[PDB]
Amino acid sequence: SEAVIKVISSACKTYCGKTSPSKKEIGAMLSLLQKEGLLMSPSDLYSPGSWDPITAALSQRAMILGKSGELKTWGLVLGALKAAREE
(Lines give C-alpha, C1' and ligand atoms only; values in the text may rest on other atoms or scores of the structure.)
Protein backbone atom coordinates (compact mmCIF):
# COMPACT_ATOMS: atom_id res chain seq x y z
CA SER A 1 0.00 0.00 0.00
CA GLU A 2 2.89 2.34 -0.82
CA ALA A 3 1.75 3.30 -4.32
CA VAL A 4 -1.62 4.35 -2.91
CA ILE A 5 0.14 6.85 -0.65
CA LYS A 6 2.54 8.28 -3.24
CA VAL A 7 -0.23 8.96 -5.75
CA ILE A 8 -2.11 10.95 -3.11
CA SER A 9 0.86 12.50 -1.32
CA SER A 10 1.87 13.90 -4.72
CA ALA A 11 -1.58 14.65 -6.14
CA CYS A 12 -2.94 16.38 -3.04
CA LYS A 13 -0.03 18.82 -3.34
CA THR A 14 -1.53 19.83 -6.69
CA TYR A 15 -5.23 19.64 -5.82
CA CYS A 16 -5.42 20.61 -2.15
CA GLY A 17 -2.78 23.28 -2.65
CA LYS A 18 -0.72 23.66 0.51
CA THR A 19 -3.37 21.72 2.44
CA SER A 20 -2.45 18.07 1.93
CA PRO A 21 -2.85 15.50 4.75
CA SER A 22 -0.09 14.00 6.89
CA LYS A 23 2.04 11.02 5.88
CA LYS A 24 1.24 9.42 9.24
CA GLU A 25 -2.45 10.22 8.74
CA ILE A 26 -2.73 8.68 5.28
CA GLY A 27 -1.55 5.38 6.74
CA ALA A 28 -3.94 5.72 9.67
CA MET A 29 -6.88 6.32 7.32
CA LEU A 30 -6.49 3.81 4.49
CA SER A 31 -6.33 1.15 7.20
CA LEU A 32 -9.43 2.48 8.94
CA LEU A 33 -11.69 2.44 5.88
CA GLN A 34 -10.91 -1.28 5.70
CA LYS A 35 -11.76 -2.24 9.28
CA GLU A 36 -14.76 0.11 9.15
CA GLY A 37 -16.08 -2.17 6.41
CA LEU A 38 -16.00 0.52 3.73
CA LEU A 39 -13.35 -0.78 1.33
CA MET A 40 -11.28 -3.94 0.93
CA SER A 41 -8.05 -2.24 -0.13
CA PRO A 42 -6.36 1.19 -0.01
CA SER A 43 -6.34 1.35 -3.81
CA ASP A 44 -10.13 1.54 -3.63
CA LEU A 45 -9.70 5.27 -2.97
CA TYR A 46 -9.78 5.66 -6.75
CA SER A 47 -13.41 4.51 -6.83
CA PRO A 48 -15.61 7.62 -7.22
CA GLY A 49 -18.96 6.29 -6.06
CA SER A 50 -18.63 4.84 -2.56
CA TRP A 51 -17.38 8.13 -1.12
CA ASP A 52 -20.99 9.08 -0.38
CA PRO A 53 -21.54 6.51 2.40
CA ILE A 54 -17.88 6.71 3.41
CA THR A 55 -17.89 10.49 3.81
CA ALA A 56 -21.15 10.56 5.76
CA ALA A 57 -19.93 7.64 7.86
CA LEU A 58 -16.66 9.27 8.95
CA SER A 59 -18.51 12.53 9.58
CA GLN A 60 -20.84 10.74 11.98
CA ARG A 61 -18.07 8.87 13.80
CA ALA A 62 -16.20 12.07 14.66
CA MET A 63 -19.35 13.14 16.49
CA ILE A 64 -20.35 9.88 18.17
CA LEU A 65 -16.78 9.29 19.33
CA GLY A 66 -15.90 12.97 19.67
CA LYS A 67 -12.62 12.85 17.76
CA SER A 68 -11.97 13.98 14.19
CA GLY A 69 -8.48 12.84 13.24
CA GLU A 70 -9.24 10.16 10.67
CA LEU A 71 -12.15 12.07 9.14
CA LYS A 72 -9.83 15.06 8.71
CA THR A 73 -7.65 12.93 6.44
CA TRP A 74 -10.63 11.74 4.39
CA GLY A 75 -11.91 15.27 3.83
CA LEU A 76 -8.51 16.19 2.41
CA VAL A 77 -7.52 12.99 0.60
CA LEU A 78 -10.92 13.16 -1.09
CA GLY A 79 -10.46 16.78 -2.12
CA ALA A 80 -7.76 15.55 -4.48
CA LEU A 81 -9.05 12.25 -5.86
CA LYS A 82 -12.28 14.14 -6.57
CA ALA A 83 -10.59 16.63 -8.89
CA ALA A 84 -8.49 13.82 -10.33
CA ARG A 85 -11.23 11.92 -12.16
CA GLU A 86 -12.47 15.28 -13.44
CA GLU A 87 -9.32 16.29 -15.32
# chains A, B, ... in the order shown; residues from 1 in each chain; ligands from 1

call {"tool": "closest_atom_pairs", "arguments": {"of": "segment 18-41 of chain A", "to": "segment 53-70 of chain A", "cutoff": "10 Å", "atoms": "only C-alpha atoms", "output": "JSON lines"}}
result
{"residue": "A:25", "atom": "CA", "partner": "A:70", "partner_atom": "CA", "distance": 7.1}
{"residue": "A:26", "atom": "CA", "partner": "A:70", "partner_atom": "CA", "distance": 8.6}
{"residue": "A:27", "atom": "CA", "partner": "A:70", "partner_atom": "CA", "distance": 9.9}
{"residue": "A:28", "atom": "CA", "partner": "A:70", "partner_atom": "CA", "distance": 7.0}
{"residue": "A:29", "atom": "CA", "partner": "A:70", "partner_atom": "CA", "distance": 5.6}
{"residue": "A:30", "atom": "CA", "partner": "A:70", "partner_atom": "CA", "distance": 9.3}
{"residue": "A:32", "atom": "CA", "partner": "A:70", "partner_atom": "CA", "distance": 7.9}
{"residue": "A:33", "atom": "CA", "partner": "A:54", "partner_atom": "CA", "distance": 7.9}
{"residue": "A:36", "atom": "CA", "partner": "A:57", "partner_atom": "CA", "distance": 9.2}
{"residue": "A:37", "atom": "CA", "partner": "A:54", "partner_atom": "CA", "distance": 9.5}
{"residue": "A:38", "atom": "CA", "partner": "A:54", "partner_atom": "CA", "distance": 6.5}
{"residue": "A:39", "atom": "CA", "partner": "A:54", "partner_atom": "CA", "distance": 9.0}

call {"tool": "residues_around", "arguments": {"residues": "residue 14 of chain A", "least_positions_apart": "3", "cutoff": "12 Å", "atoms": "only C-alpha atoms", "output": "PDB file with N, CA, C and O atoms, in the first residue's frame"}}
result
ATOM      1  N   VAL A   7       0.661   8.360  -4.768  1.00  0.00           N
ATOM      2  CA  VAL A   7      -0.230   8.964  -5.751  1.00  0.00           C
ATOM      3  C   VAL A   7      -1.063  10.078  -5.126  1.00  0.00           C
ATOM      4  O   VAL A   7      -1.455  11.029  -5.803  1.00  0.00           O
ATOM      5  N   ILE A   8      -1.329   9.955  -3.830  1.00  0.00           N
ATOM      6  CA  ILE A   8      -2.114  10.951  -3.112  1.00  0.00           C
ATOM      7  C   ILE A   8      -1.216  12.017  -2.494  1.00  0.00           C
ATOM      8  O   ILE A   8      -1.543  13.204  -2.509  1.00  0.00           O
ATOM      9  N   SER A   9      -0.081  11.585  -1.951  1.00  0.00           N
ATOM     10  CA  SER A   9       0.864  12.502  -1.325  1.00  0.00           C
ATOM     11  C   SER A   9       1.477  13.440  -2.359  1.00  0.00           C
ATOM     12  O   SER A   9       2.072  14.460  -2.012  1.00  0.00           O
ATOM     13  N   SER A  10       1.326  13.089  -3.632  1.00  0.00           N
ATOM     14  CA  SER A  10       1.866  13.897  -4.718  1.00  0.00           C
ATOM     15  C   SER A  10       0.753  14.646  -5.445  1.00  0.00           C
ATOM     16  O   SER A  10       0.962  15.744  -5.960  1.00  0.00           O
ATOM     17  N   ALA A  11      -0.431  14.043  -5.482  1.00  0.00           N
ATOM     18  CA  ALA A  11      -1.578  14.652  -6.142  1.00  0.00           C
ATOM     19  C   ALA A  11      -2.206  15.732  -5.268  1.00  0.00           C
ATOM     20  O   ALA A  11      -2.554  16.811  -5.751  1.00  0.00           O
ATOM     21  N   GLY A  17      -3.520  22.034  -2.634  1.00  0.00           N
ATOM     22  CA  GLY A  17      -2.782  23.284  -2.650  1.00  0.00           C
ATOM     23  C   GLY A  17      -2.382  23.739  -1.260  1.00  0.00           C
ATOM     24  O   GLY A  17      -3.117  24.479  -0.607  1.00  0.00           O
ATOM     25  N   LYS A  18      -1.215  23.295  -0.807  1.00  0.00           N
ATOM     26  CA  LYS A  18      -0.718  23.661   0.514  1.00  0.00           C
ATOM     27  C   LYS A  18      -1.744  23.328   1.592  1.00  0.00           C
ATOM     28  O   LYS A  18      -1.966  24.113   2.515  1.00  0.00           O
ATOM     29  N   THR A  19      -2.366  22.160   1.471  1.00  0.00           N
ATOM     30  CA  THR A  19      -3.368  21.723   2.436  1.00  0.00           C
ATOM     31  C   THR A  19      -3.497  20.205   2.445  1.00  0.00           C
ATOM     32  O   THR A  19      -4.518  19.661   2.867  1.00  0.00           O
ATOM     33  N   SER A  20      -2.455  19.524   1.979  1.00  0.00           N
ATOM     34  CA  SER A  20      -2.453  18.066   1.931  1.00  0.00           C
ATOM     35  C   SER A  20      -2.408  17.477   3.338  1.00  0.00           C
ATOM     36  O   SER A  20      -2.002  18.130   4.300  1.00  0.00           O
ATOM     37  N   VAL A  77      -7.878  13.993   1.598  1.00  0.00           N
ATOM     38  CA  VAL A  77      -7.522  12.993   0.598  1.00  0.00           C
ATOM     39  C   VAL A  77      -8.576  12.916  -0.501  1.00  0.00           C
ATOM     40  O   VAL A  77      -8.266  12.613  -1.654  1.00  0.00           O
ATOM     41  N   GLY A  79     -10.490  15.525  -1.383  1.00  0.00           N
ATOM     42  CA  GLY A  79     -10.458  16.777  -2.116  1.00  0.00           C
ATOM     43  C   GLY A  79      -9.555  16.715  -3.331  1.00  0.00           C
ATOM     44  O   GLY A  79      -9.646  17.556  -4.225  1.00  0.00           O
ATOM     45  N   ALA A  80      -8.678  15.716  -3.365  1.00  0.00           N
ATOM     46  CA  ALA A  80      -7.755  15.547  -4.479  1.00  0.00           C
ATOM     47  C   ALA A  80      -8.285  14.526  -5.482  1.00  0.00           C
ATOM     48  O   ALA A  80      -8.456  14.831  -6.662  1.00  0.00           O
ATOM     49  N   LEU A  81      -8.541  13.313  -5.003  1.00  0.00           N
ATOM     50  CA  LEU A  81      -9.052  12.246  -5.858  1.00  0.00           C
ATOM     51  C   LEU A  81     -10.318  12.690  -6.584  1.00  0.00           C
ATOM     52  O   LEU A  81     -10.628  12.198  -7.669  1.00  0.00           O
ATOM     53  N   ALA A  83     -10.976  15.807  -7.751  1.00  0.00           N
ATOM     54  CA  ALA A  83     -10.591  16.635  -8.887  1.00  0.00           C
ATOM     55  C   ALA A  83      -9.769  15.836  -9.893  1.00  0.00           C
ATOM     56  O   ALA A  83      -9.574  16.266 -11.030  1.00  0.00           O
ATOM     57  N   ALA A  84      -9.287  14.674  -9.468  1.00  0.00           N
ATOM     58  CA  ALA A  84      -8.486  13.816 -10.332  1.00  0.00           C
ATOM     59  C   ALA A  84      -9.320  13.266 -11.484  1.00  0.00           C
ATOM     60  O   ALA A  84      -9.028  13.523 -12.652  1.00  0.00           O
TER      61      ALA A  84
END
